[PDB]
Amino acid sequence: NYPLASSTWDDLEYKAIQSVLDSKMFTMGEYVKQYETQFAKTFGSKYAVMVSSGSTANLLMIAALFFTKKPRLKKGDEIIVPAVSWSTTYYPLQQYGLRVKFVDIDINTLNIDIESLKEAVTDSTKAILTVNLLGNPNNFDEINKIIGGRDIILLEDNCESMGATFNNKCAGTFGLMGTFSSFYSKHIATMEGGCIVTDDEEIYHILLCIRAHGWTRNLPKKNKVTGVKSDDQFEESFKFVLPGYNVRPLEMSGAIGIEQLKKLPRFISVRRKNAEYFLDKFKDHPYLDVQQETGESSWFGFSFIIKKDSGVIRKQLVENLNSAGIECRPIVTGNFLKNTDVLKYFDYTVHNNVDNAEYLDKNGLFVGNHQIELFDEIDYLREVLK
């Protein structure tokens, strides 16, 4: 009836695939490169680099920081994160030996709690990795006040908020790097795909290098990694300079991404209209609280949190929902801190408490928002959730 996922494609995505077939160049090329230019232009960054998925976009984002001429991050370094996000926002911190400090979320915005942030910040903090949750941007104004010129890097996992903006700027472009995802279920889809954006050329060349074999084949003759490239191909083409990966996207995802980006503004427009109608139907709801928007959210989906002491039990709504053909799931993955089994591999600490994440973990659920008009579905959802 009402799924969490619908297809974003049309004839056009298919044609783009044909175009690629007909070219007989399958691995990362023209399209991918064209696609990166469009992406950057699209969100207002100087550079964009396409990878195999948003997870690997997070991996290189952290990785790159260790290979700047003046390494910006080091093993043991303290990084702050919020307690609610996708797993692969965290894994990379572990794989790089960072010390992780979790902070609770604000139960209204579902983003990192600001007042906890303020106090959680110190002289030991090297970086802050924010996540724009469910399409909702962090209030970067306040985040910038809290950092206050200190050597603390700001990073964004924007895998759920493509299109969101805050004060006339695209989410994802506030940090030194911002990551995106074009996985099937996201604002657009290239089957799998992710992207890192940055206005830093140094970081930009490093990303080009660790994305594919740690080589220099995709570096420009004069570049910020090696500096000046020899002209002996026999030579230059087989020099390895950073311990990277092969996380190249396929040409086909680049081509398909070109088509989706064209459609994006409409997708976002439809999404917001549905959000507007949704909020109208659900405000002053007797036992559910909705997400409070910051800036202009790209409304990835619709979260609900059971009102305190309303005596409503999640299992029930859950049943209700499914019995009406409406799919739902926890919000993102609930409180990450409960995954104690993977947590045993981390060097981590919890600032103050994560009561909010905890409450969410037991009392929130989520239903999708899509790029097609869902007025009908919402009216029904509201009939079911009364």
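Each residue number is its position in the shown sequence, starting from 1.
> Could you check which stretch, 219 to 227 or 100 to 108, carries the larger mean CA temperature factor in the entry?
The stretch with the larger mean CA B-factor is 219 to 227.
> Going by the mean C-alpha B-factor recorded in the entry, which is higher: 295 to 303 or 235 to 243?
Per the PDB record, 235 to 243.
> Per the PDB entry, which option out of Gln260, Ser253, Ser185, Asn136 has the greatest Cα B factor?
Of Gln260, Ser253, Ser185, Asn136, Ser185 has the highest C-alpha B-factor.
> Would you mind checking which of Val51, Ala40, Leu321, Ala63 has the top Cα temperature factor in the PDB entry?
Answer, based on the entry's C-alpha B-factors: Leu321.
> Please rank the C-alpha B-factors of the chain's modelled residues and tell me whether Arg266 sits in the lowest, middle or highest third.
CA B-factor rank for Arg266: middle third.
> For the chain shown, is the CA B-factor of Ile203 in the lowest, middle or highest third of its modelled residues?
Top third by C-alpha B-factor.
> Relative to the other modelled residues of the same chain, rank the CA B-factor of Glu78 and answer lowest, middle or highest third.
Middle third by C-alpha B-factor.
> Using the B-factors in the PDB entry, rank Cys328's C-alpha atom against the chain and give the third, lowest, middle or highest.
Answer is highest: the recorded C-alpha B-factor places it there.
> Using the B-factor values recorded in the entry, state whether the Cα atom of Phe67 falls in the lowest, middle or highest third among the modelled residues of its chain.
Tercile = highest for this residue's CA B-factor.
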